[PDB]
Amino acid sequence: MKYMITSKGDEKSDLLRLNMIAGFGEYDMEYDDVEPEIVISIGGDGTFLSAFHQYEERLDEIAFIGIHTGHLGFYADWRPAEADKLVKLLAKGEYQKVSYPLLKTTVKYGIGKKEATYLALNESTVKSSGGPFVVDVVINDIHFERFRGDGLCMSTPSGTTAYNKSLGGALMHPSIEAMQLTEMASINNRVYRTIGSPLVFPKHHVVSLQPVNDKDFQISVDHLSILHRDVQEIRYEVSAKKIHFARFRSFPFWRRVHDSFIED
């Protein structure tokens, strides 16, 4: 079946890439970066995030795999030393698929726009253009809070180990179909009030951020960060779409969390 390999582009990753391609030549197995059915990422988690966003229109037709050339990421998942074993396993068709939830982000504007929709594997965040940051937070059409602070982060389950974590969020097992909202430096006094706690939302729950003042926002979706102007609504929900992984071997989520934060 058709595959492609992205590389971080340093000496180590390119050489491993060329080796795997040569390895794949002894099977069938066809290189195709337009319509791959396997996408192998070699580098780190940032490399892996770029690979996902490259093929974010073909998610239902692709199974991703990551190899880490340094740490040990949460998306890659294979050591360089295991590259040969992986070539043989991929070529044999010797894998089950595992799916992780994604986050759908919708930015609505005033005319012209032309709403934009984004898909995130880690998180989307919102901050001001700089700028006091003030939004009304609306959960399933009901006004929940007026947030004043530095911004908000909405994380997928596999994104919980990233930005979500730095902000005091929970780590959620990625079999849970949910998104998690954390505060960045909320202001709380006797007049301005936020929940404080991170909030975890199931599928079909919609979290809507609405401008109070100030309709310009710096919005991030994984690595991408853009200033959006004349924003009417930022709308968060668990995507109907999933990312599929090829595995292969047991490497439990909590073991990855252990290895990354406790040690090994």
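For the two forms, the rigid core is made up of the largest set of C-alpha atoms that agree within 1.5 Å on superposition. Residues carry their position along the shown sequence, with the first being 1.
The rigid core fit leaves 189-197 as the farther-lying stretch in 6 other deposited structures of this protein, judged by Cα positions and set against 189-197 and 133-141.
Modelled in this chain, residue 70 is nonetheless absent from a third or more of the other compared entries whose models extend past it on both sides.
Residue-level annotation: residue 87 has coordinates in all of the other entries compared, counting only those that model residues on either side of it, so it never reaches the one-third mark. Mean CA B-factor, 149-157 versus 108-116: the higher value falls on 108-116. Residue 135 sits in the lowest third of its chain by CA B factor, as recorded in the PDB entry.
Ranked by C-alpha B-factor against the other modelled residues of its chain, residue 220 falls in the lowest third. Ranked by Cα temperature factor within the chain, residue 242 sits in the lowest third according to the deposited record. When the CA B factors of the chain's modelled residues are split into thirds, the value for residue 121 lands in the lowest one.
In the PDB entry, a CA B factor belonging to the lowest third of its chain's modelled residues is recorded for residue 84.
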